[PDB]
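First the structure, in the form of structure tokens, and then the observations on it.
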Amino acid sequence: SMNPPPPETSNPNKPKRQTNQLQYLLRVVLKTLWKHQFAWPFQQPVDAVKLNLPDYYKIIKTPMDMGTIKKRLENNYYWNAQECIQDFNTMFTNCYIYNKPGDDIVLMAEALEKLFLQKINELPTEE
Ligand SMILES: O=NC1=c2cc/c(=c3/nc(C4CCNCC4)[nH]c3=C3C=CNC=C3)cc2CC1
């Protein structure tokens with residue numbers, strides 16, 4: 001049921017920046033979501049083989065998860081905050097594509113997304 005390689009968390013030829021907004025995304029946004037009671041499905045790439053979701057990566061062609069995001073932030077992988085925000089948005093939207101309203105995974109994504117947006121609304125202005 002083979003899994004694809006997980007998304008990269010480093011890329012030496014990719015140009016990178018550190019910004020106060022990206023630091024906030026790690027210290028506040030990622031850390032807050034990571035500790036949540038509904039974080040567990042999202043702390044690592046979907047193991048479609050072991051979870052018996054054989055069509056997961058047949059439907060989801062741009063997978064993303066908070067384990068990947070956490071390592072990207074720790075590795076200063078991003079050029080700007082928007083790039084990181086895009087990864088969270090991909091993670092949530094993949095759930096809404098793969099699953100139906102009311103599925104536990106969707107309820108979890110929705111709760112995390114609500115919290116994510118609350119924290120993003122307080123993103124500091126870039127210094
Ligand atoms: O859109 N579908 C998604 C989906 C489906 C299932 C899971 C999921 N992930 C796990 C992990 C938890 C840690 N141990 C390895 C397995 N376990 C599960 C799991 C197991 C049983 N029931 C629900 C989820 C994670 C996700 C993220 C997006």
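Going by the structure tokens order, chains are called A, B, ..., each with residues numbered from 1, while ligands are numbered from 1 in the order shown.
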
Could you name the residues that touch residue A:79 at 9 Å or less, counting only C-alpha atoms, but leaving out those on the same chain fewer than 5 positions away, as a list in words? residues 14, 15, 16, 17, 18, 19 and 84 of chain A

Dump N, CA and C atoms for the selected residues as a CSV table (one decimal), in the first residue's frame?
chain,number,residue,atom,x,y,z
A,14,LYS,N,17.4,25.8,-1.5
A,14,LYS,CA,16.3,26.6,-1.3
A,14,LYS,C,16.7,27.8,-0.4
A,15,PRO,N,16.4,29.0,-0.9
A,15,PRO,CA,16.8,30.2,0.0
A,15,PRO,C,15.8,30.4,1.1
A,16,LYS,N,16.3,30.8,2.3
A,16,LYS,CA,15.6,30.8,3.5
A,16,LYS,C,15.8,32.1,4.2
A,17,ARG,N,14.8,32.5,5.1
A,17,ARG,CA,14.9,33.6,6.0
A,17,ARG,C,14.5,33.3,7.3
A,18,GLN,N,15.0,34.0,8.3
A,18,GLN,CA,14.4,34.0,9.6
A,18,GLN,C,13.7,35.4,9.8
A,19,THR,N,12.5,35.3,10.3
A,19,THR,CA,11.8,36.6,10.6
A,19,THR,C,11.1,36.4,11.9
A,84,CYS,N,4.8,29.2,5.3
A,84,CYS,CA,4.4,28.3,6.4
A,84,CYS,C,2.9,28.3,6.6

Mind the document's chain letters and residue numbers, and return as a PDB file with N, CA and C atoms, in the first residue's frame the residues of stretch 13-127 of chain A that DSSP labels alpha helix (DSSP H).
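Written output follows (result.pdb):
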ATOM      1  N   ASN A  20      10.711  37.553  12.531  1.00  0.00           N
ATOM      2  CA  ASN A  20       9.996  37.500  13.785  1.00  0.00           C
ATOM      3  C   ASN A  20       8.649  36.804  13.608  1.00  0.00           C
ATOM      4  N   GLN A  21       8.033  36.925  12.428  1.00  0.00           N
ATOM      5  CA  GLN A  21       6.772  36.234  12.165  1.00  0.00           C
ATOM      6  C   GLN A  21       6.966  34.718  12.130  1.00  0.00           C
ATOM      7  N   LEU A  22       8.049  34.254  11.512  1.00  0.00           N
ATOM      8  CA  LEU A  22       8.326  32.824  11.472  1.00  0.00           C
ATOM      9  C   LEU A  22       8.665  32.307  12.860  1.00  0.00           C
ATOM     10  N   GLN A  23       9.373  33.109  13.643  1.00  0.00           N
ATOM     11  CA  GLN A  23       9.669  32.719  15.016  1.00  0.00           C
ATOM     12  C   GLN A  23       8.373  32.562  15.805  1.00  0.00           C
ATOM     13  N   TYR A  24       7.428  33.483  15.613  1.00  0.00           N
ATOM     14  CA  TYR A  24       6.098  33.389  16.225  1.00  0.00           C
ATOM     15  C   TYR A  24       5.340  32.141  15.781  1.00  0.00           C
ATOM     16  N   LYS A  31       3.452  25.468  18.477  1.00  0.00           N
ATOM     17  CA  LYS A  31       3.471  24.933  19.838  1.00  0.00           C
ATOM     18  C   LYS A  31       2.067  24.826  20.437  1.00  0.00           C
ATOM     19  N   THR A  32       1.220  25.812  20.178  1.00  0.00           N
ATOM     20  CA  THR A  32      -0.146  25.775  20.708  1.00  0.00           C
ATOM     21  C   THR A  32      -0.954  24.634  20.081  1.00  0.00           C
ATOM     22  N   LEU A  33      -0.876  24.499  18.760  1.00  0.00           N
ATOM     23  CA  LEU A  33      -1.635  23.438  18.093  1.00  0.00           C
ATOM     24  C   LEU A  33      -1.111  22.055  18.464  1.00  0.00           C
ATOM     25  N   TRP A  34       0.199  21.951  18.650  1.00  0.00           N
ATOM     26  CA  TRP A  34       0.847  20.670  18.891  1.00  0.00           C
ATOM     27  C   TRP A  34       0.388  20.056  20.207  1.00  0.00           C
ATOM     28  N   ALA A  48      -0.488   5.602   5.372  1.00  0.00           N
ATOM     29  CA  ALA A  48      -1.648   5.038   4.697  1.00  0.00           C
ATOM     30  C   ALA A  48      -1.582   3.531   4.654  1.00  0.00           C
ATOM     31  N   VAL A  49      -0.366   3.004   4.562  1.00  0.00           N
ATOM     32  CA  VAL A  49      -0.183   1.556   4.571  1.00  0.00           C
ATOM     33  C   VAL A  49      -0.693   0.983   5.888  1.00  0.00           C
ATOM     34  N   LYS A  50      -0.143   1.453   7.001  1.00  0.00           N
ATOM     35  CA  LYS A  50      -0.470   0.840   8.286  1.00  0.00           C
ATOM     36  C   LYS A  50      -1.896   1.157   8.751  1.00  0.00           C
ATOM     37  N   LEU A  51      -2.433   2.307   8.350  1.00  0.00           N
ATOM     38  CA  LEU A  51      -3.794   2.707   8.745  1.00  0.00           C
ATOM     39  C   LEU A  51      -4.901   2.181   7.824  1.00  0.00           C
ATOM     40  N   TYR A  56      -5.526   7.075   0.214  1.00  0.00           N
ATOM     41  CA  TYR A  56      -5.194   8.387   0.777  1.00  0.00           C
ATOM     42  C   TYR A  56      -4.338   9.230  -0.161  1.00  0.00           C
ATOM     43  N   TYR A  57      -3.216   8.680  -0.586  1.00  0.00           N
ATOM     44  CA  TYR A  57      -2.324   9.408  -1.472  1.00  0.00           C
ATOM     45  C   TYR A  57      -2.713   9.298  -2.946  1.00  0.00           C
ATOM     46  N   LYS A  58      -3.801   8.585  -3.240  1.00  0.00           N
ATOM     47  CA  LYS A  58      -4.402   8.643  -4.565  1.00  0.00           C
ATOM     48  C   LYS A  58      -5.287   9.860  -4.702  1.00  0.00           C
ATOM     49  N   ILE A  59      -5.766  10.360  -3.571  1.00  0.00           N
ATOM     50  CA  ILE A  59      -6.613  11.549  -3.530  1.00  0.00           C
ATOM     51  C   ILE A  59      -5.796  12.774  -3.125  1.00  0.00           C
ATOM     52  N   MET A  66       1.746  18.478  10.733  1.00  0.00           N
ATOM     53  CA  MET A  66       2.436  19.371  11.660  1.00  0.00           C
ATOM     54  C   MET A  66       3.812  18.851  12.058  1.00  0.00           C
ATOM     55  N   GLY A  67       4.057  17.547  11.947  1.00  0.00           N
ATOM     56  CA  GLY A  67       5.402  17.052  12.205  1.00  0.00           C
ATOM     57  C   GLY A  67       6.382  17.655  11.202  1.00  0.00           C
ATOM     58  N   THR A  68       5.977  17.616   9.942  1.00  0.00           N
ATOM     59  CA  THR A  68       6.726  18.240   8.852  1.00  0.00           C
ATOM     60  C   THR A  68       6.887  19.745   9.080  1.00  0.00           C
ATOM     61  N   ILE A  69       5.802  20.427   9.413  1.00  0.00           N
ATOM     62  CA  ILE A  69       5.868  21.867   9.644  1.00  0.00           C
ATOM     63  C   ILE A  69       6.803  22.209  10.797  1.00  0.00           C
ATOM     64  N   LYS A  70       6.720  21.442  11.878  1.00  0.00           N
ATOM     65  CA  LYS A  70       7.562  21.659  13.038  1.00  0.00           C
ATOM     66  C   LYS A  70       9.029  21.561  12.634  1.00  0.00           C
ATOM     67  N   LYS A  71       9.380  20.509  11.914  1.00  0.00           N
ATOM     68  CA  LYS A  71      10.778  20.344  11.492  1.00  0.00           C
ATOM     69  C   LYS A  71      11.194  21.431  10.508  1.00  0.00           C
ATOM     70  N   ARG A  72      10.300  21.823   9.593  1.00  0.00           N
ATOM     71  CA  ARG A  72      10.607  22.931   8.681  1.00  0.00           C
ATOM     72  C   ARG A  72      10.920  24.220   9.436  1.00  0.00           C
ATOM     73  N   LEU A  73      10.115  24.525  10.441  1.00  0.00           N
ATOM     74  CA  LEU A  73      10.352  25.719  11.229  1.00  0.00           C
ATOM     75  C   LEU A  73      11.670  25.601  12.012  1.00  0.00           C
ATOM     76  N   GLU A  74      11.900  24.445  12.627  1.00  0.00           N
ATOM     77  CA  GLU A  74      13.126  24.223  13.392  1.00  0.00           C
ATOM     78  C   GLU A  74      14.353  24.346  12.484  1.00  0.00           C
ATOM     79  N   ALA A  81       6.655  33.982   6.326  1.00  0.00           N
ATOM     80  CA  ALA A  81       5.564  33.410   7.102  1.00  0.00           C
ATOM     81  C   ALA A  81       4.449  32.853   6.226  1.00  0.00           C
ATOM     82  N   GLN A  82       4.172  33.506   5.100  1.00  0.00           N
ATOM     83  CA  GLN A  82       3.086  33.072   4.217  1.00  0.00           C
ATOM     84  C   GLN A  82       3.312  31.640   3.751  1.00  0.00           C
ATOM     85  N   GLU A  83       4.557  31.293   3.443  1.00  0.00           N
ATOM     86  CA  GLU A  83       4.895  29.950   3.007  1.00  0.00           C
ATOM     87  C   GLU A  83       4.527  28.902   4.055  1.00  0.00           C
ATOM     88  N   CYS A  84       4.764  29.227   5.324  1.00  0.00           N
ATOM     89  CA  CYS A  84       4.413  28.333   6.436  1.00  0.00           C
ATOM     90  C   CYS A  84       2.905  28.274   6.647  1.00  0.00           C
ATOM     91  N   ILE A  85       2.261  29.431   6.625  1.00  0.00           N
ATOM     92  CA  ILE A  85       0.805  29.473   6.715  1.00  0.00           C
ATOM     93  C   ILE A  85       0.182  28.583   5.634  1.00  0.00           C
ATOM     94  N   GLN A  86       0.764  28.594   4.436  1.00  0.00           N
ATOM     95  CA  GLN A  86       0.265  27.759   3.345  1.00  0.00           C
ATOM     96  C   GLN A  86       0.315  26.285   3.717  1.00  0.00           C
ATOM     97  N   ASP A  87       1.366  25.850   4.414  1.00  0.00           N
ATOM     98  CA  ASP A  87       1.457  24.442   4.833  1.00  0.00           C
ATOM     99  C   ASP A  87       0.332  24.073   5.782  1.00  0.00           C
ATOM    100  N   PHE A  88       0.036  24.922   6.769  1.00  0.00           N
ATOM    101  CA  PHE A  88      -1.105  24.646   7.641  1.00  0.00           C
ATOM    102  C   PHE A  88      -2.405  24.575   6.838  1.00  0.00           C
ATOM    103  N   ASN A  89      -2.611  25.523   5.930  1.00  0.00           N
ATOM    104  CA  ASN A  89      -3.827  25.534   5.132  1.00  0.00           C
ATOM    105  C   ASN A  89      -3.962  24.271   4.281  1.00  0.00           C
ATOM    106  N   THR A  90      -2.858  23.810   3.696  1.00  0.00           N
ATOM    107  CA  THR A  90      -2.857  22.544   2.962  1.00  0.00           C
ATOM    108  C   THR A  90      -3.261  21.382   3.868  1.00  0.00           C
ATOM    109  N   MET A  91      -2.690  21.325   5.058  1.00  0.00           N
ATOM    110  CA  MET A  91      -3.017  20.249   5.994  1.00  0.00           C
ATOM    111  C   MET A  91      -4.518  20.190   6.309  1.00  0.00           C
ATOM    112  N   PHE A  92      -5.100  21.344   6.587  1.00  0.00           N
ATOM    113  CA  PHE A  92      -6.526  21.393   6.917  1.00  0.00           C
ATOM    114  C   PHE A  92      -7.368  21.060   5.690  1.00  0.00           C
ATOM    115  N   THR A  93      -7.079  21.689   4.559  1.00  0.00           N
ATOM    116  CA  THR A  93      -7.877  21.505   3.353  1.00  0.00           C
ATOM    117  C   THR A  93      -7.820  20.066   2.835  1.00  0.00           C
ATOM    118  N   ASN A  94      -6.694  19.380   3.020  1.00  0.00           N
ATOM    119  CA  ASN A  94      -6.614  17.975   2.644  1.00  0.00           C
ATOM    120  C   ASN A  94      -7.656  17.139   3.388  1.00  0.00           C
ATOM    121  N   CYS A  95      -7.871  17.449   4.660  1.00  0.00           N
ATOM    122  CA  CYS A  95      -8.888  16.755   5.453  1.00  0.00           C
ATOM    123  C   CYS A  95     -10.265  16.956   4.864  1.00  0.00           C
ATOM    124  N   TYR A  96     -10.540  18.183   4.442  1.00  0.00           N
ATOM    125  CA  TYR A  96     -11.877  18.500   3.953  1.00  0.00           C
ATOM    126  C   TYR A  96     -12.123  17.888   2.564  1.00  0.00           C
ATOM    127  N   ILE A  97     -11.054  17.639   1.823  1.00  0.00           N
ATOM    128  CA  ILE A  97     -11.146  16.913   0.555  1.00  0.00           C
ATOM    129  C   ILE A  97     -11.367  15.415   0.779  1.00  0.00           C
ATOM    130  N   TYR A  98     -10.581  14.829   1.683  1.00  0.00           N
ATOM    131  CA  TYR A  98     -10.571  13.375   1.848  1.00  0.00           C
ATOM    132  C   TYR A  98     -11.782  12.849   2.621  1.00  0.00           C
ATOM    133  N   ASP A 104     -14.766  12.369  12.442  1.00  0.00           N
ATOM    134  CA  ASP A 104     -13.944  12.809  13.559  1.00  0.00           C
ATOM    135  C   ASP A 104     -12.724  13.602  13.095  1.00  0.00           C
ATOM    136  N   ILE A 105     -12.077  13.170  12.020  1.00  0.00           N
ATOM    137  CA  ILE A 105     -10.872  13.855  11.565  1.00  0.00           C
ATOM    138  C   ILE A 105     -11.205  15.289  11.123  1.00  0.00           C
ATOM    139  N   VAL A 106     -12.369  15.477  10.499  1.00  0.00           N
ATOM    140  CA  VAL A 106     -12.806  16.811  10.091  1.00  0.00           C
ATOM    141  C   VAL A 106     -13.108  17.683  11.305  1.00  0.00           C
ATOM    142  N   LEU A 107     -13.777  17.132  12.312  1.00  0.00           N
ATOM    143  CA  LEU A 107     -14.062  17.905  13.512  1.00  0.00           C
ATOM    144  C   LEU A 107     -12.776  18.346  14.191  1.00  0.00           C
ATOM    145  N   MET A 108     -11.781  17.476  14.158  1.00  0.00           N
ATOM    146  CA  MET A 108     -10.492  17.798  14.742  1.00  0.00           C
ATOM    147  C   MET A 108      -9.782  18.886  13.955  1.00  0.00           C
ATOM    148  N   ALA A 109      -9.757  18.743  12.632  1.00  0.00           N
ATOM    149  CA  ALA A 109      -9.164  19.764  11.781  1.00  0.00           C
ATOM    150  C   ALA A 109      -9.854  21.106  11.989  1.00  0.00           C
ATOM    151  N   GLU A 110     -11.184  21.091  12.096  1.00  0.00           N
ATOM    152  CA  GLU A 110     -11.933  22.330  12.227  1.00  0.00           C
ATOM    153  C   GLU A 110     -11.589  23.037  13.529  1.00  0.00           C
ATOM    154  N   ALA A 111     -11.428  22.266  14.599  1.00  0.00           N
ATOM    155  CA  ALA A 111     -11.077  22.834  15.897  1.00  0.00           C
ATOM    156  C   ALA A 111      -9.676  23.432  15.872  1.00  0.00           C
ATOM    157  N   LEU A 112      -8.732  22.701  15.301  1.00  0.00           N
ATOM    158  CA  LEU A 112      -7.365  23.204  15.175  1.00  0.00           C
ATOM    159  C   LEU A 112      -7.298  24.421  14.263  1.00  0.00           C
ATOM    160  N   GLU A 113      -8.061  24.410  13.179  1.00  0.00           N
ATOM    161  CA  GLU A 113      -8.070  25.550  12.279  1.00  0.00           C
ATOM    162  C   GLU A 113      -8.617  26.805  12.944  1.00  0.00           C
ATOM    163  N   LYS A 114      -9.650  26.648  13.761  1.00  0.00           N
ATOM    164  CA  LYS A 114     -10.210  27.768  14.504  1.00  0.00           C
ATOM    165  C   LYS A 114      -9.146  28.374  15.412  1.00  0.00           C
ATOM    166  N   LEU A 115      -8.414  27.522  16.117  1.00  0.00           N
ATOM    167  CA  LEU A 115      -7.356  27.993  17.009  1.00  0.00           C
ATOM    168  C   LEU A 115      -6.222  28.634  16.193  1.00  0.00           C
ATOM    169  N   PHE A 116      -5.866  28.008  15.071  1.00  0.00           N
ATOM    170  CA  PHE A 116      -4.827  28.520  14.191  1.00  0.00           C
ATOM    171  C   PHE A 116      -5.167  29.933  13.762  1.00  0.00           C
ATOM    172  N   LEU A 117      -6.404  30.150  13.344  1.00  0.00           N
ATOM    173  CA  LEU A 117      -6.782  31.474  12.880  1.00  0.00           C
ATOM    174  C   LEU A 117      -6.754  32.502  14.003  1.00  0.00           C
ATOM    175  N   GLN A 118      -7.145  32.082  15.202  1.00  0.00           N
ATOM    176  CA  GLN A 118      -7.062  32.949  16.373  1.00  0.00           C
ATOM    177  C   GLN A 118      -5.625  33.405  16.591  1.00  0.00           C
ATOM    178  N   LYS A 119      -4.687  32.471  16.541  1.00  0.00           N
ATOM    179  CA  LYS A 119      -3.280  32.828  16.717  1.00  0.00           C
ATOM    180  C   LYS A 119      -2.698  33.634  15.555  1.00  0.00           C
ATOM    181  N   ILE A 120      -3.080  33.317  14.317  1.00  0.00           N
ATOM    182  CA  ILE A 120      -2.615  34.098  13.160  1.00  0.00           C
ATOM    183  C   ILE A 120      -3.115  35.529  13.168  1.00  0.00           C
TER     184      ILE A 120
END

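Across A:25, A:80, A:3, A:75, the tightest approach to residue A:53 is made by A:3 when counting only C-alpha atoms.
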
Using Å and a single decimal, report how far atom 19 (C, counted along the ligand's line) of ligand 1 sits from atom CA of residue A:41.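 Distance between the two atoms: 6.0 Å.
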
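The closest residue to ligand 1, picked from A:62, A:10, A:121, A:99 and counting only C-alpha atoms and all ligand atoms, is A:99.
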
Ranking A:42, A:2, A:9, A:124 by minimum distance to ligand 1 and counting only C-alpha atoms and all ligand atoms, which one comes first?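 For ligand 1, the nearest of the given residues is A:42.
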
So the first atom is atom CA of residue A:101 and the second is atom CA of residue A:46; what is the distance between them in Å, to one decimal place?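 Distance reported for this atom pair: 19.4 Å.
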